[PDB]
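**Q** Before I ask anything, let me first share the structure, which is written out below as C-alpha cells.
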Protein chains: 2
Amino acid sequence: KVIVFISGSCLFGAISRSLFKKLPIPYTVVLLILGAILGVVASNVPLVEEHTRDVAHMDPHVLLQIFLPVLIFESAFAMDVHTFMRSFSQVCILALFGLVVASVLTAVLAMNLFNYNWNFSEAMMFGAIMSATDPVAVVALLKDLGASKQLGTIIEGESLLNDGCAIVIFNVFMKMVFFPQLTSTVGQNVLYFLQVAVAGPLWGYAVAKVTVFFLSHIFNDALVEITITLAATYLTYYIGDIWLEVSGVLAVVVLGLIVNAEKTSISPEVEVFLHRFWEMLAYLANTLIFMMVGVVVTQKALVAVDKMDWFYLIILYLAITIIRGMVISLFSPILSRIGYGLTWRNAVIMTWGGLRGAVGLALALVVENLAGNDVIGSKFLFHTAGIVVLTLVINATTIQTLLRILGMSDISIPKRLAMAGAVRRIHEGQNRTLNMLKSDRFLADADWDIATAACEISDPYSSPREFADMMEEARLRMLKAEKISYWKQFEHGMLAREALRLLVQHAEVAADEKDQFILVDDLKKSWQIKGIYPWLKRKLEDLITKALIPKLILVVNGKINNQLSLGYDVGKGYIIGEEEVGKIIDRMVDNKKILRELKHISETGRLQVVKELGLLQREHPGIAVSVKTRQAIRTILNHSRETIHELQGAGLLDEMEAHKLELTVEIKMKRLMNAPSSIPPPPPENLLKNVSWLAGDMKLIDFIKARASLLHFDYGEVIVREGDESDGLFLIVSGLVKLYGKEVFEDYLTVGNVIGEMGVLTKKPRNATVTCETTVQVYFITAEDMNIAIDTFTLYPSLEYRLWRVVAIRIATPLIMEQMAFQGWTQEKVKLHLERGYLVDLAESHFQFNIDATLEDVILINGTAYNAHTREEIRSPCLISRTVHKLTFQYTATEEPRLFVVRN
Amino acid sequence: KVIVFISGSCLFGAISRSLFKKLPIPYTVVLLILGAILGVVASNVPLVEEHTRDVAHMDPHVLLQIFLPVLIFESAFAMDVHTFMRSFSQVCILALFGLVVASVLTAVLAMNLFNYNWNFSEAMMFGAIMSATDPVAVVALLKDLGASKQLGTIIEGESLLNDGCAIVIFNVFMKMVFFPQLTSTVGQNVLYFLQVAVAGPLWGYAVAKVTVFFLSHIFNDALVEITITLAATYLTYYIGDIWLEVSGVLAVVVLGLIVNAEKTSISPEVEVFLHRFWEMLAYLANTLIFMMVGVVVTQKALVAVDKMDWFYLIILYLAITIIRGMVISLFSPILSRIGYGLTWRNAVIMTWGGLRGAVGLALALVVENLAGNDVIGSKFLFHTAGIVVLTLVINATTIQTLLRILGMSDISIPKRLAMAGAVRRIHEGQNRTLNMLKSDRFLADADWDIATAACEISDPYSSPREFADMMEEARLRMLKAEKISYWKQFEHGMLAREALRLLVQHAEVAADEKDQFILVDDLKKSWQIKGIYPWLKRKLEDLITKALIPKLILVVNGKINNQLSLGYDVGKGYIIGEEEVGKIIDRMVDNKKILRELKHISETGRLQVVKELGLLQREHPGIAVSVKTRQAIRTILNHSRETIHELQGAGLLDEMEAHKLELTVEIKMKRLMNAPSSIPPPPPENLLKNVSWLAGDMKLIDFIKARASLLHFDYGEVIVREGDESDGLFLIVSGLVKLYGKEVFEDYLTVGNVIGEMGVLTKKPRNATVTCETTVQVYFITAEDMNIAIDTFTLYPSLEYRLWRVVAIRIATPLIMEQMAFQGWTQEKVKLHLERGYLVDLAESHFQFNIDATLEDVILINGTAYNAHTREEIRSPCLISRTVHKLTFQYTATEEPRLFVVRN
Ligand SMILES: C[C@@H]1CC[C@@]2(OC1)O[C@H]1[C@@H](O)[C@H]3[C@@H]4CC[C@H]5C[C@@H](O[C@@H]6O[C@H](CO)[C@H](O[C@@H]7O[C@H](CO)[C@@H](O)[C@H](O[C@@H]8OC[C@@H](O)[C@H](O)[C@H]8O)[C@H]7O[C@@H]7O[C@H](CO)[C@H](O)[C@H](O[C@@H]8O[C@H](CO)[C@@H](O)[C@H](O)[C@H]8O)[C@H]7O)[C@H](O)[C@H]6O)[C@H](O)C[C@]5(C)[C@H]4CC[C@]3(C)[C@H]1[C@@H]2C
Ligand SMILES: Nc1ncnc2c1ncn2[C@@H]1O[C@@H]2COP(=O)(O)O[C@H]2[C@H]1O
Ligand SMILES: Nc1ncnc2c1ncn2[C@@H]1O[C@@H]2COP(=O)(O)O[C@H]2[C@H]1O
C-alpha cells in the first residue's frame, strides 16, 4: 500500500505551500524538513517503514524516465518565445561556455579535496550533479518585484540548456561507468554524439510542424485539439526514447518550444487549460521528489557524517560562486563586443542568479540507486543535499537584500505618478457614484460608514548643469507622454502586439542611455532585410520532382513580406508619435532654447523617416494595401465588438445571444489572423476607374485616349487657386485631398471623384482651394475633352445628369443640415435616400412645371425662377418651399435654369 | 503492446468527430462501424490480433471499477443544481417508478419470447441491461435548438437516477447469480439494502462539507485547490468502494452534485478547468468503449446470428417504446394533480426522449466476461448492440422531424425582432465607423470591396375575437417590454442571479397561459415561509454537550434570512417593473378601453404588492438594511470596474497594473460574498444621533429629552404647506423626503438634517412644500423648543453656527452654480471646501467690518448692508463682489444683518 504516503504528501505540500508564503524563502525546505521529521520515526517505530518501504525504493528507471521529462518539459513550456528568439544565440553560447567550464573545473577540486580512489569519471558525476539549475523561485520573486522583462526571460532561458547538457553528459558518462562492458571507441562515441545532435531536434521539428498543420484544420471544436496534442507529445517522447535513451528529453524540449511559439491557430482556452494541467503535474512531481529525498537522506546519511565533510560543504559553495562569477565576468567583454552587452548591475545579479533545484536531486537519487550497496553514493547525497539547501536558503535572502540596496527593482517616478492619478480618478468616480446613490428613494435606510470603509482603494506602493538637469526632466516628460500615446494608439485596435513590443523595447533602450533620444538606425535595421535570408533569396531566384520547389518558395517570400509588414506599421506608429509631438510639447515646456531644439530634432527625425517609407511603398505597394486592409478590418471589427458589448450593457438584449455573437466575431478574428499574407497585387488604375463610377458609355473608354496623364503632385502642392480661369479638369486616381471652400466648409475628397464641375457648367472661375497631403496621381482633362464628352452624350446625357445630381447633393447637404426644415438627418441618410431622383426637361413643358403631390423634394441648382402667383423672384441655391406649386422660368442662354425633382 | 490500438482509437475518434459533425446523427455509430471494419481483419490477418488480443480481453473488474464511475460522475457533473432542486421530488419519484416498471415488465416478454431455460434472474439481467439511458446527444441537440432550459435539465436529470438504480440492481443480482455460494437470506439482503440506501450518501455529504469548509480558508491561490479536490474525490471513491462494492457510484454522485452546487467560494477558473478535464476524460472513455464493442461483437456474434433473432430485435424496440409511452402517459395525471403538470407536447417528446448509451454497453461486456464460455452472453451482446444501434440513429431523426413538424423549437417573433434590430444597430455602427475611417489621411490607398466583403454580419435565423387578438398582441408587447426592462435593471448590478432566474421563470410561466398576466400569489408563496422548515423552527424555538446546540441554530436562522432576502429582492424588482409600466405602456397602445383596464389591473397589483412589502419591512428591518447595503456595495463595485476599464481604454495606463486592480476588485467581490447573511441589528437611531451629528454638548443630550415624538407619516403626506405660520420644527430620524421650493428648485432630504430653519431665524411663514414618498419617522420640535434652544445657545451658539453654515451652503450652491464667477464647480467641491468657514460678530466691530486679503468668501445671509464708498444699499441673498472692502450695517431688531466669512 502506497496510498497513504502519496495522499499525505499532497496534503503536506498543500499546507506548507499555502502557509509559508509571507516569508521570501521558498516553501520547499519545509518539505525537506518534513522529510527529516519522518527520519526520526524512520529509526524507531516499524509502522512507518511498513507503510513507506515500498515507496522508499522505486527502481531508478521510473525516476529517470518519468520525473526528468516532465520537469524539463515544464521548465521549457512557460517561455516567452519571441523574447527568447530575440537573443537566442548569445544566451546559448554563454550557457554552453558556462556549463563546459563548470563541468571541467570540478575535477581539480575533486582531486584536491577528496584524495580518494575516485577516477575522472567520479569527477564528471559530481560535476553533472552540481551544475543543475532551477529558475522558478528567482523568476517568481522578480515578477513579484517587476524589475525587468528581458532579464527574467533570459534567466529562465539558459537553465534549459544547462539542464539538458547536464543530463546528456551525466547519462553518457553513467553508461560508461556502471556498464563497462559497452563499447567505448571514439568512432561509436562520435556517431552517438552526431546522431542525436542532428536528428532529435529535426525529428521534433518535423512532428511539431505536421501536428500544427493538422491542428490548423479545426474550427470551433473543443476536445480534438487537446486529445491530439497530448497524444502527439507522448508519441514524440516514446519514439525519442526508443531511438536514444537520452534524445527524448531534447526532442520534447524542441517540441515544447515550437508549440509554445504558436498561439494564433489555437483557441485561448486550449492553451490556458494546457498550461494549467502541465503546471499542476510539475508541482505534484516536485513536491513528491523533495519529500522523497528528505525522508531518505536522514536514514541513509546518518553514518557518513564528518566534520571534514562539513568543511567541504562550506568550501564547495564558495568554489561554485567564485567560478561562476569569474566566468561571467570574463565573458562579459565578449557580450559587450557583440552589441548585446549588459550593465554591471546585470553582471552582479548574474553573480547571484544561480539556483539549484529538483533536477540535481533527481540525478542524485538515481546515481545512488545505481551505486547500490556502497558508501560513495551516500557521500554524493550528503554533499548535494547540504549544498542545495544552504545555497537556496541564503541565495534568496542575499538577492533580496542586494536588490534592496542597489534598488534596480524600485519603480520609477512616472509610473507611480500615473498610478496615483488613476487611484484619485477612481476615488472621485466612486465619490460621485455614492453621491448619486444618496439621492435614490429606495436605499435611504442603509448606513454608509461600513459601505465606504469596505470599498476603499489604495495604491500597493504606499549653470549648465542645471540646464542639463532640466532638459533631462523634459526628456523624461517627453518619453512618458509618447509611450502613453503609443499605448492609446494601439488600444483602438490600430496596431499589432509584436509591433508594440518591439517599439516599446526600442523606446526603453533609447531612454536607458543618458541624454539619448529615440533613434532610427535600429528602426532602419528593423525594416532592413539582412542576414543569410537575402543570400538564400538570391540563390533561390537564380536557380529557378519539380512540383515541390516553387510552392514553398512562395511562402518563403511571404515570410520576408511579413517582416516588411511589421516594419511598415512600426514606422507608421512613429509618425503618429511625432504627430503628438506637434500637439503636446508646447504646454509643459518653460524654456525657449530647449523647446526649439526638441522641435528641431523632431523635424529632422520626421524628414528622415518620410523618405524611406515613400520609397518602400513606391516599390512595394501590395504590402501597403494589404496592411491597410488588415488595419481597416481590425478597427471596424473592434468597434463592432465594443458597440455590441455596449448594447448588451444597455439592456436591449439578453446575454445568451451575445454569447453566440461573440463566437461569430471570434471566428471572424481567427479568420483574419490567418490572413492571406501572400501579397495581393494592387488593382489596376484603369480598372479601378471603371469600377468607381457607372461608366456605361463606351466613349468613356474612348475618353481614356483623351484623359491619360498620370500626373504626380507631391506633399503640400496646391493644385488650383481660387479665382483662376476654369481651363482644365481632373479625375483623381490615387490619393486623398482636402478642399476648403466658402460661411466656409472643409471637405475630404478620395479616389473616385470629379473636380471642376461648376467651372464647366456655369463657366465660373475657381472658388475653392484644394491641397494634397501626400503624393497623388491624377488624370488631366481639358475643356476640349469636356466638349468631346458633351458630344458623346448626344441624346442621353448620362454623366451630365449624374454630375448634376452629385452637385445637387453637395449643395443640398449643408443647407439640409443648416435649415430647420431638416433636423436629425444623418450623412448616410441624405447621401442614400436623395439618390432616388431625376430631372425634368423644361423645353417640353415650355418652361412651366406644375408641382403635384407626387413630387417630394425640389431643389433649384441653377437659374432664376418666378412664382406664378406672388411673382417672387427666387435664385439659386435657395431651397424651394412646398407652398409654391407653379413656377415660371425665363429661357436664358447665359444661365439656363436647373431643377431637381424627387418622386414619391 | 497496446500503444498502437489506443493511439489509433484517439485518432479515429478525432477524425470522426471532425468529419461527421454536420449531420444530426451522433458520430458514435461511425465508431461502431469502424469496429466492424476491424472485424474483417479480425478474421484474416494475424498481425492485428497480436496487436489487439491484449486489449480484446480486459478483466471485467477494471471495466466495472474504472469506466462506470467516471461515466456516471460526468453525467452528474454538468448539472444545473438550482433547476435540479426546483423539482427534485417529482423527477426522482417518476424516475423510480419508470425504472421499476421497466425492470418488472421484462420477465414476461423474456418468457413469452425466448422460451429457453432462463430463470427470473436472467430476466433481471436483461432488464438491468436494457433500462440504461444516455441524454448527451438529445440535450446537445436541444441546446443547439434552444427550446426550453427546464425541459433539458430535467431530462438530463432522471438519467442519473435511472443509471444508478440500474447498476445497483444489476450488481446485487449478478452477485446472486454467478456466485451462488453467497448468503441470499432476506435479513442479509435488507441489511445490505439499508446500508447502501442511507449509509452511502451521508458519507459523501460529510466529506463534501468538510472539504468545502477546508477550501473556504484559501484566498488567492490557483493551484492547491485542484490538487486537493481531485485527491478528495479519489479518496471518497476508494473508501466508498472498499466499504461496499456498489455504493461507491452513489457516493461519488452525491459528492459531484454537492460540489457542483457551490460556485461562490471557488474561483471561476478552477471550475472551468475542472469541467474541461473531467469532460475530456469521459469523452475518451466513451470513444474507447464504443470502439471496443464494435471490434468484439463482430468476431463474437458471428456464429449465433439468426433471422428469428432479427425479428426479436424488431419486437423489443416496439415493446420498450410502447411500455415507456404508456407509463409516462399514465403517470402524467399525477404530475397534473401535484401542480407540476406538463403539456401534451412535453408528453409526446418525453415518449421519444429515451436514448441508450455507453453504460448499457459496459454492463453488457462485463456480464459477457463473467458469463465466459457460453452462448448466452453472446446472445445478450447481439441483442443489446442491435437495439442500441437502431434506436439511437432513428431516434435522433424522429425527434428532429417531430420538433420540425410540431414546432415547439421555433423561436418567437419578439426575440427575432430584437435580433434584427440589434443587427441593424450593428450595421449602422459599422457604417458610420467606415465613414469616419474614409476621411483619414493615412489609409487612402486601401480598397473597400474586400474590406466590406470581410465584415458582413447577419442573423443566424435567416368583432370581439378581433378585440381578443389585439389585447393578446398588447399583452405580448407588455411582457417583452417588462422582461427587457428586468434585464436592464439587473445589468447595472442592482439584482441577484437567483432572484433574476426566479423572476424570469415566473414571467415565462405567466406568459405561457393564454390571456394570463403576472400574478402575486406565486410571488406570495415565493417569499412565504412554508414547508416542514417552519415546523422545525417552532420545535427548535420550543426546545431551547450544550455548546453544539445554539451555534447551528444561528446559521439555521440565517438560512431563513437568505430566503427572505430573495423574496424582498424579487419584490423590489417588481416595483421597478411597475414603475416602467407607468412610463412605457402609454405610447404603443392604440385603444382606450384596453389601455385603461391594463392601467387599472396594474394599479390593483401595485396596491396589492406594497402592503406586504411594508409589513415585512416593519417586523423585520435588519434584513432590509442588510440587503440595501449589499445593493450599494454591488453597484459601486460594478461602476468602479466599469470606470477602470474605461480609464484603461482612455490610454492612461497599461494593462499590467490593471491586472492588480482587477485582482483587488475581485477580492473585494469575494469579501462581499463573505458578507454575513446573518442579520446585523438596525442601528439605534437615538444612540446613532451622536454619530449623525456631533452631540458632545450636554445641552444636545437635554434636547434629546426635549423632543421624542417619533411620529409616522405615510406615503404622499404633505407635512407643511407654503404660507403657513411658522409654528413647529422637525428633525427627521427615518426616511427620505422631497422638497419643492421657489426660478424653482427640487431637493432630496435624508436622515440627519434639520428643517424649518427660516421660520425660526427669519420668523417667516412656510415658503417651500415638503412631501414624503414613504412612511417616515420624525421628531416634533416646537417654537417653544426653539426658545429652549435660544437658552441653549448661550454665550457660544454652536448649533446656531452649524445651522447658519448649513443654510449658507443652501443659499450659496444654486448661486454658485448660476453665477458666472464660479463655473465648473462640482457639488462635492462646494460642499467640501466651503466647510472651512466661520462668522464674525459685528457688535465688537461696531457694525463695521473691514475686508482684507485674508478673507476669501463673503456672503450676506440676511440683513441690509451699505457700501462705505458708493453707498450701495445691498440686500440678501446677493453675492458680494471683491471690489467692496468696507461695509456698514444698521442695528435692526427686525432683521439683524448676517454675513459669512472664509479665511485664507
Ligand atoms: C506522474 C506522477 C508522479 C508520481 C506518480 O504518479 C503521479 O508516479 C506513479 C508511478 O511512478 C508509480 C510507481 C510505478 C512503479 C510501481 C512498481 C510496483 O511494483 C510492483 O507492484 C505490484 C503490485 O501488485 C507487486 O508488488 C506488490 O505491491 C504492493 C503495494 O506495495 C504490496 O502491498 C505487495 O506486497 C504485499 O503487501 C506487503 C507485504 O506484506 C507482502 O509483500 C505482500 O503481502 C506487493 O506484492 C509483491 O509480491 C510478493 C508478495 O505478494 C512479494 O512480496 C513482492 O516483493 C518482492 O520484492 C520487492 C518488494 O519487497 C518488489 O519490488 C519485487 O518486485 C518483489 O519480487 C511484492 O512486490 C509487484 O511485485 C511489484 O514489483 C509498485 O508496487 C508500485 C510502483 C512503485 C508505483 C507506485 C506509485 C507511483 C510512484 C505513481 C505516483 C503517484
Ligand atoms: N460643395 C462642394 N462640395 C464638393 N466640391 C465642390 C463644392 N463646390 C464646388 N466644388 C468643386 O470645386 C471646384 C472649384 O472650381 P470649379 O468651379 O471649376 O468646380 C468646382 C467643383 O468641382
Ligand atoms: N435652499 C434650501 N435648501 C434646503 N432647505 C431649505 C432651503 N430654503 C429653505 N429651506 C427649508 O425649508 C423651510 C421652509 O420653512 P421655514 O422658513 O420654516 O424653514 C425652511 C428651511 O428649513
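Residues are named by chain letter and number: chains run A, B, ... in the order of the C-alpha cells, numbers start at 1 in each chain, and ligands are numbered from 1 in the order shown.
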Could you work out which residues of chain B fall inside 6 Å of chain A? Count only C-alpha atoms, and format the result as a PyMOL selection string.

**A** chain B and resi 14+224+444+446+487-488+625+628-629+651

**Q** Residues within 9 Å of ligand 2 should be enumerated using only C-alpha atoms and all ligand atoms and returned as a PyMOL selection string.

**A** chain A and resi 720-730+739-742+745-749+754-770+806-814

**Q** Run DSSP on the backbone and tell me which residues of stretch 397-517 of chain B come out as alpha helix (DSSP H); list them as a PyMOL selection string.

**A** chain B and resi 397-406+413-438+449-453+464-489+497-512

**Q** Identify which of the residues B:849, B:743, B:872, B:899 lies closest to ligand 3, counting only C-alpha atoms and all ligand atoms when measuring atom-to-atom distances.

**A**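 That would be B:743, the residue with the smallest distance to ligand 3.
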
**Q** Please identify every polymer residue within 8 Å of ligand 1, using only C-alpha atoms and all ligand atoms, and present the set as JSON, numbers by chain.

**A** {"A": [1, 2, 6, 50, 53, 54, 55, 57, 58, 59, 62, 63, 66, 67, 281, 284, 285, 288]}

**Q** For atom CA of residue B:574 and atom CA of residue B:473, determine how far apart the two atoms are, in Å to one decimal place.

**A**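 Rounded to one decimal, the two atoms are 21.9 Å apart.
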
**Q** Mind checking which residues fall within 10 Å of stretch 334-337 of chain B, counting only C-alpha atoms, ignoring those fewer than 5 positions away in the same chain, and posting them as a list in words?

**A**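 What passes the distance filter is residues 90, 91, 94, 328, 329, 342 and 343 of chain B.
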
**Q** Counting only C-alpha atoms, what is within 9 Å of residue B:73, bar same-chain residues fewer than 6 positions away, as a PyMOL selection string?

**A** chain B and resi 249+252-253+256+278+282

**Q** What does the file look like for those residues with N, CA and C atoms, as an mmCIF file, in the first residue's frame?

**A**
```cif
data_model
loop_
_atom_site.group_PDB
_atom_site.id
_atom_site.type_symbol
_atom_site.label_atom_id
_atom_site.label_comp_id
_atom_site.auth_asym_id
_atom_site.auth_seq_id
_atom_site.Cartn_x
_atom_site.Cartn_y
_atom_site.Cartn_z
ATOM 1 N N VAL B 249 -20.449 4.348 -6.451
ATOM 2 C CA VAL B 249 -21.021 5.173 -7.508
ATOM 3 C C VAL B 249 -22.022 6.173 -6.931
ATOM 4 N N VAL B 252 -20.022 8.944 -5.123
ATOM 5 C CA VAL B 252 -19.395 9.939 -5.986
ATOM 6 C C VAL B 252 -20.453 10.791 -6.677
ATOM 7 N N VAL B 253 -21.644 10.239 -6.936
ATOM 8 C CA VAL B 253 -22.724 11.051 -7.497
ATOM 9 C C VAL B 253 -23.125 12.154 -6.529
ATOM 10 N N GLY B 256 -20.463 14.797 -6.373
ATOM 11 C CA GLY B 256 -20.472 15.657 -7.540
ATOM 12 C C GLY B 256 -21.595 16.671 -7.506
ATOM 13 N N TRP B 278 -12.560 16.806 -16.623
ATOM 14 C CA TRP B 278 -13.424 15.651 -16.423
ATOM 15 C C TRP B 278 -14.184 15.298 -17.696
ATOM 16 N N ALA B 282 -14.192 11.720 -19.811
ATOM 17 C CA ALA B 282 -15.395 10.965 -20.150
ATOM 18 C C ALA B 282 -15.512 10.731 -21.649
#
```

**Q** Could you list, as a ChimeraX atom specification, every residue within 12 Å of residue B:511, counting only C-alpha atoms and ignoring same-chain residues fewer than 2 positions away?

**A** /B:472-473,475-480,482-483,504-509,513-519

**Q** Go through B:781, B:607, B:851, B:566 and flag the residue nearest residue B:732, using only C-alpha atoms for the distances.

**A**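 Under the stated criterion, the closest residue is B:781.
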
**Q** Set the distance at 12 Å and use only C-alpha atoms: which residues neighbour stretch 176-185 of chain B once local chain neighbours fewer than 3 positions away are removed? I'd like the list as a list in words.

**A**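 So the residues in contact are residues 118, 119, 120, 121, 122, 123, 124, 125, 169, 170, 171, 172, 173, 188, 189, 190, 191, 192, 367, 368, 369, 370, 371 and 372 of chain B.
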
**Q** Pick the closest to ligand 3 from B:804, B:822, B:864, B:677: which is it, counting only C-alpha atoms and all ligand atoms?

**A**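 The closest residue to ligand 3 is B:804.
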
**Q** Give me the residues near residue B:694 as a PyMOL selection string, where near means some atom within 12 Å (using only C-alpha atoms) and where sequence neighbours in that chain fewer than 6 positions away do not count.

**A** chain B and resi 687-688+700-701+752+798-799+802
